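Colleague: Pasting coords_26.cif here (mmCIF, C-alpha atoms):
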data_final
loop_
_atom_site.group_PDB
_atom_site.id
_atom_site.type_symbol
_atom_site.label_atom_id
_atom_site.label_comp_id
_atom_site.auth_asym_id
_atom_site.auth_seq_id
_atom_site.Cartn_x
_atom_site.Cartn_y
_atom_site.Cartn_z
ATOM 1 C CA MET A 1 43.453 10.397 1.662
ATOM 2 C CA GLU A 2 44.299 7.925 4.421
ATOM 3 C CA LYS A 3 40.974 8.955 5.945
ATOM 4 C CA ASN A 4 37.476 7.577 5.404
ATOM 5 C CA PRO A 5 34.328 8.899 3.657
ATOM 6 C CA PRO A 6 31.282 10.296 5.525
ATOM 7 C CA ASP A 7 28.556 8.029 6.902
ATOM 8 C CA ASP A 8 25.604 9.824 5.316
ATOM 9 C CA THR A 9 24.763 11.884 8.399
ATOM 10 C CA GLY A 10 22.029 13.526 6.338
ATOM 11 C CA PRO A 11 21.293 11.937 2.933
ATOM 12 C CA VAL A 12 18.819 14.256 1.222
ATOM 13 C CA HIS A 13 18.420 11.433 -1.293
ATOM 14 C CA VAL A 14 15.330 9.906 0.304
ATOM 15 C CA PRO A 15 12.855 11.205 -2.335
ATOM 16 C CA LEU A 16 14.390 8.557 -4.596
ATOM 17 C CA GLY A 17 12.925 5.186 -3.635
ATOM 18 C CA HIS A 18 11.095 5.296 -0.307
ATOM 19 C CA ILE A 19 7.819 3.933 1.058
ATOM 20 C CA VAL A 20 5.610 5.568 3.684
ATOM 21 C CA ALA A 21 3.631 3.724 6.356
ATOM 22 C CA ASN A 22 0.750 5.018 8.475
ATOM 23 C CA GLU A 23 1.824 5.381 12.103
ATOM 24 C CA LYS A 24 -1.073 3.057 12.912
ATOM 25 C CA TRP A 25 -0.329 0.560 10.152
ATOM 26 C CA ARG A 26 3.048 0.279 11.875
ATOM 27 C CA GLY A 27 1.974 -2.298 14.454
ATOM 28 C CA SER A 28 2.184 -4.802 11.605
ATOM 29 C CA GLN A 29 4.714 -7.588 11.077
ATOM 30 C CA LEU A 30 4.672 -6.759 7.364
ATOM 31 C CA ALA A 31 6.065 -3.233 7.645
ATOM 32 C CA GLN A 32 9.021 -5.097 9.137
ATOM 33 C CA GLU A 33 9.736 -7.169 6.034
ATOM 34 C CA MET A 34 9.990 -4.023 3.918
ATOM 35 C CA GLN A 35 12.893 -3.014 6.153
ATOM 36 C CA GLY A 36 14.554 -6.156 4.809
ATOM 37 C CA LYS A 37 15.360 -4.708 1.390
ATOM 38 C CA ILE A 38 13.639 -1.347 0.966
ATOM 39 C CA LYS A 39 13.490 1.663 3.278
ATOM 40 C CA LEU A 40 10.307 2.502 5.183
ATOM 41 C CA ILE A 41 9.226 5.752 6.831
ATOM 42 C CA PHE A 42 6.445 6.338 9.353
ATOM 43 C CA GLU A 43 4.046 9.249 8.880
ATOM 44 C CA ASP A 44 1.499 10.277 11.509
ATOM 45 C CA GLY A 45 -1.609 11.716 9.859
ATOM 46 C CA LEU A 46 -1.891 9.513 6.774
ATOM 47 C CA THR A 47 -4.795 7.130 6.175
ATOM 48 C CA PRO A 48 -3.431 4.859 3.398
ATOM 49 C CA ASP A 49 -1.399 1.770 4.275
ATOM 50 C CA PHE A 50 1.628 2.273 2.031
ATOM 51 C CA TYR A 51 2.397 5.430 0.054
ATOM 52 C CA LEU A 52 4.674 4.797 -2.924
ATOM 53 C CA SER A 53 4.478 8.279 -4.437
ATOM 54 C CA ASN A 54 2.503 11.521 -4.263
ATOM 55 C CA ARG A 55 -0.108 10.178 -6.679
ATOM 56 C CA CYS A 56 0.115 6.454 -5.947
ATOM 57 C CA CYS A 57 -1.114 4.749 -2.777
ATOM 58 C CA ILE A 58 -1.782 1.189 -1.612
ATOM 59 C CA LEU A 59 -4.609 0.003 0.630
ATOM 60 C CA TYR A 60 -4.946 -3.483 2.108
ATOM 61 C CA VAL A 61 -8.333 -5.216 2.098
ATOM 62 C CA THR A 62 -9.503 -8.598 3.376
ATOM 63 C CA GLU A 63 -12.626 -10.745 3.130
ATOM 64 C CA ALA A 64 -13.502 -9.353 6.556
ATOM 65 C CA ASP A 65 -13.947 -6.002 4.823
ATOM 66 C CA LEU A 66 -16.060 -7.475 2.031
ATOM 67 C CA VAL A 67 -18.587 -8.570 4.653
ATOM 68 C CA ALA A 68 -19.106 -4.894 5.471
ATOM 69 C CA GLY A 69 -19.386 -3.364 2.002
ATOM 70 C CA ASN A 70 -21.400 -0.497 3.472
ATOM 71 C CA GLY A 71 -19.068 1.820 5.382
ATOM 72 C CA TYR A 72 -15.566 0.969 4.173
ATOM 73 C CA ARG A 73 -16.419 2.588 0.839
ATOM 74 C CA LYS A 74 -16.533 6.016 2.475
ATOM 75 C CA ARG A 75 -12.812 5.693 3.173
ATOM 76 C CA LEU A 76 -12.218 4.932 -0.504
ATOM 77 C CA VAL A 77 -14.290 7.936 -1.572
ATOM 78 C CA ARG A 78 -11.991 10.283 0.339
ATOM 79 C CA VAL A 79 -9.283 9.117 -2.061
ATOM 80 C CA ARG A 80 -11.169 9.708 -5.310
ATOM 81 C CA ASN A 81 -12.352 13.032 -3.888
ATOM 82 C CA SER A 82 -8.715 14.131 -3.998
ATOM 83 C CA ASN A 83 -7.250 14.934 -7.414
ATOM 84 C CA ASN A 84 -5.867 12.250 -9.724
ATOM 85 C CA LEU A 85 -4.308 9.583 -7.516
ATOM 86 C CA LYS A 86 -4.079 6.117 -9.058
ATOM 87 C CA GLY A 87 -3.166 3.720 -6.257
ATOM 88 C CA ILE A 88 -3.681 -0.020 -5.853
ATOM 89 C CA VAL A 89 -6.161 -1.874 -3.650
ATOM 90 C CA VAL A 90 -5.116 -5.276 -2.319
ATOM 91 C CA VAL A 91 -7.722 -7.853 -1.306
ATOM 92 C CA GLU A 92 -7.193 -10.877 0.933
ATOM 93 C CA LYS A 93 -9.475 -13.726 -0.117
ATOM 94 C CA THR A 94 -10.731 -15.767 2.829
ATOM 95 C CA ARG A 95 -14.200 -17.269 2.496
ATOM 96 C CA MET A 96 -17.046 -14.865 1.753
ATOM 97 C CA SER A 97 -14.545 -13.179 -0.561
ATOM 98 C CA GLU A 98 -14.294 -15.151 -3.805
ATOM 99 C CA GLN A 99 -17.986 -15.768 -3.134
ATOM 100 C CA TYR A 100 -19.094 -12.126 -3.072
ATOM 101 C CA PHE A 101 -15.773 -10.554 -4.062
ATOM 102 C CA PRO A 102 -16.866 -10.345 -7.741
ATOM 103 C CA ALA A 103 -20.064 -8.445 -6.956
ATOM 104 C CA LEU A 104 -18.141 -5.715 -5.140
ATOM 105 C CA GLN A 105 -15.139 -5.790 -7.475
ATOM 106 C CA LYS A 106 -17.593 -4.985 -10.266
ATOM 107 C CA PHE A 107 -18.972 -1.799 -8.711
ATOM 108 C CA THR A 108 -15.667 -0.742 -7.159
ATOM 109 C CA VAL A 109 -14.333 -0.586 -10.713
ATOM 110 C CA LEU A 110 -17.178 1.442 -12.202
ATOM 111 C CA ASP A 111 -17.130 3.435 -8.971
ATOM 112 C CA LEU A 112 -13.402 4.018 -8.497
ATOM 113 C CA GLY A 113 -12.049 2.210 -11.557
ATOM 114 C CA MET A 114 -8.856 1.923 -9.519
ATOM 115 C CA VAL A 115 -6.522 -1.079 -9.491
ATOM 116 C CA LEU A 116 -7.442 -4.233 -7.580
ATOM 117 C CA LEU A 117 -4.890 -7.027 -7.215
ATOM 118 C CA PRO A 118 -6.075 -9.753 -4.795
ATOM 119 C CA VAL A 119 -3.610 -12.052 -3.035
ATOM 120 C CA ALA A 120 -4.073 -14.776 -0.422
ATOM 121 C CA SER A 121 -2.042 -13.877 2.659
ATOM 122 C CA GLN A 122 -0.126 -11.005 4.246
ATOM 123 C CA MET A 123 3.168 -12.118 2.711
ATOM 124 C CA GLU A 124 1.899 -12.130 -0.870
ATOM 125 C CA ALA A 125 1.202 -8.417 -0.453
ATOM 126 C CA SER A 126 4.502 -7.664 1.256
ATOM 127 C CA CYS A 127 5.997 -9.684 -1.580
ATOM 128 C CA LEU A 128 3.741 -8.208 -4.265
ATOM 129 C CA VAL A 129 4.350 -4.661 -3.045
ATOM 130 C CA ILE A 130 8.106 -4.908 -2.512
ATOM 131 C CA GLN A 131 8.617 -6.892 -5.710
ATOM 132 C CA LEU A 132 7.046 -3.871 -7.395
ATOM 133 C CA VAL A 133 8.979 -1.249 -5.439
ATOM 134 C CA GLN A 134 12.244 -3.017 -6.255
ATOM 135 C CA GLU A 135 11.325 -2.718 -9.931
ATOM 136 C CA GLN A 136 10.609 1.010 -9.797
ATOM 137 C CA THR A 137 13.820 1.890 -7.960
ATOM 138 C CA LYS A 138 15.863 0.604 -10.896
ATOM 139 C CA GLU A 139 16.799 3.288 -13.420
#
Here is a file; write its structure as structure tokens.
Modeller:
Amino acid sequence: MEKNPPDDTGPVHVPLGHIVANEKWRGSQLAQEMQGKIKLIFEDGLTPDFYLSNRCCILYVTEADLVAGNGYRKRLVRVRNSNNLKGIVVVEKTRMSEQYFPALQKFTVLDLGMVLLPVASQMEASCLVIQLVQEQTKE
């Protein structure tokens, strides 16, 4: 017994509380924060920004996107075209946002009826997402 316990050389207990990040959405300073409290895994082939579960996903949006309106929706359609995934869409208010953010938010709802929780910066999200992930982990 004067020995020491193993150093988890293969903890098959990852399916517990883990978050996925698109290989591309890796070149972000945010994905780093997550590695400050929660575990993060990179997956090459995923479109979403952060995958919490197999039915829940999280996409980041910013005023810049609002300006488009026509084109970015297609990406959202690919999600609803799936099965029954209820993720969350984050929006970063800048300028033309709050101004025309309501017009889009209206349709997006009747269109996807998903969840939209605006923020203000990149931290709010990293803080809004993690703060949520830390709550789920718990029993």
Colleague: To one decimal in Å, tell me the separation between CA of residue 48 in chain A and CA of residue 100 in chain A.
Modeller: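 Spanning CA of residue 48 in chain A to CA of residue 100 in chain A is a straight-line distance of 24.0 Å.
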Colleague: From the set A:65, A:49, A:7, A:44, which residue has the shortest atom-to-atom contact distance to residue 126 in chain A, counting only C-alpha atoms?
Modeller: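 Using only C-alpha atoms, the shortest distance to residue 126 in chain A belongs to A:49.
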Colleague: Quick one: which residues end up in the PyMOL selection byres ((chain A and resi 39) around 8) for this structure, as a PyMOL selection string?
Modeller: chain A and resi 17-19+34-35+37-38+40-41
Colleague: Running the PyMOL selection byres ((chain A and resi 115) around 8) on this model by hand, what would come out? Give it as a ChimeraX atom specification.
Modeller: /A:86-89,109,113-114,116-117
Colleague: I'd like to see the residues matched by the PyMOL selection byres ((chain A and resi 78-83) around 12) on this file, and ideally I'd get them as a PyMOL selection string.
Modeller: chain A and resi 46-48+54-59+72-77+84-89+108+111-114
Colleague: Could you check how far CA of residue 93 in chain A sits from CA of residue 45 in chain A, in Å to one decimal?
Modeller: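 CA of residue 45 in chain A lies at a distance of 28.4 Å from CA of residue 93 in chain A.
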Colleague: In Å, rounded to a single decimal, give me how far CA of residue 67 in chain A is from CA of residue 95 in chain A.
Modeller: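 CA of residue 67 in chain A lies 10.0 Å from CA of residue 95 in chain A.
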Colleague: Within 6 Å of (3.3, 2.8, 1.2), in the coordinates the file gives, what residues turn up when you count all atoms listed in the file, written out as a PDB file with C-alpha atoms, in the frame of the given file?
Modeller:
ATOM      1  CA  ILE A  19       7.819   3.933   1.058  1.00  0.00           C
ATOM      2  CA  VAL A  20       5.610   5.568   3.684  1.00  0.00           C
ATOM      3  CA  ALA A  21       3.631   3.724   6.356  1.00  0.00           C
ATOM      4  CA  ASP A  49      -1.399   1.770   4.275  1.00  0.00           C
ATOM      5  CA  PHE A  50       1.628   2.273   2.031  1.00  0.00           C
ATOM      6  CA  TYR A  51       2.397   5.430   0.054  1.00  0.00           C
ATOM      7  CA  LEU A  52       4.674   4.797  -2.924  1.00  0.00           C
TER       8      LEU A  52
END
Colleague: Grab all the atoms of range 43-49 of chain A that the file lists, wrap them in a box along x, y and z, add 8 Å per side, and give me centre plus edge lengths in Å (one decimal) as lines of an AutoDock Vina configuration file.
Modeller:
center_x = -0.4
center_y = 6.7
center_z = 7.5
size_x = 24.8
size_y = 25.9
size_z = 24.1
Colleague: Excluding residue 101 in chain A and its own-chain neighbours fewer than 6 positions away, which residues fall within 9 Å of it when counting all atoms listed in the file? Please give them as a VMD selection string.
Modeller: chain A and resid 63 66 91 93
Colleague: Nearest to residue 22 in chain A among A:61, A:5, A:43, A:136, with distances taken over all atoms listed in the file: which residue is it?
Modeller: A:43
Colleague: Find the residue from A:53, A:106, A:24, A:30 that sits nearest to residue 137 in chain A; use all atoms listed in the file when measuring.
Modeller: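 With all atoms listed in the file as the atom set, the closest residue is A:53.
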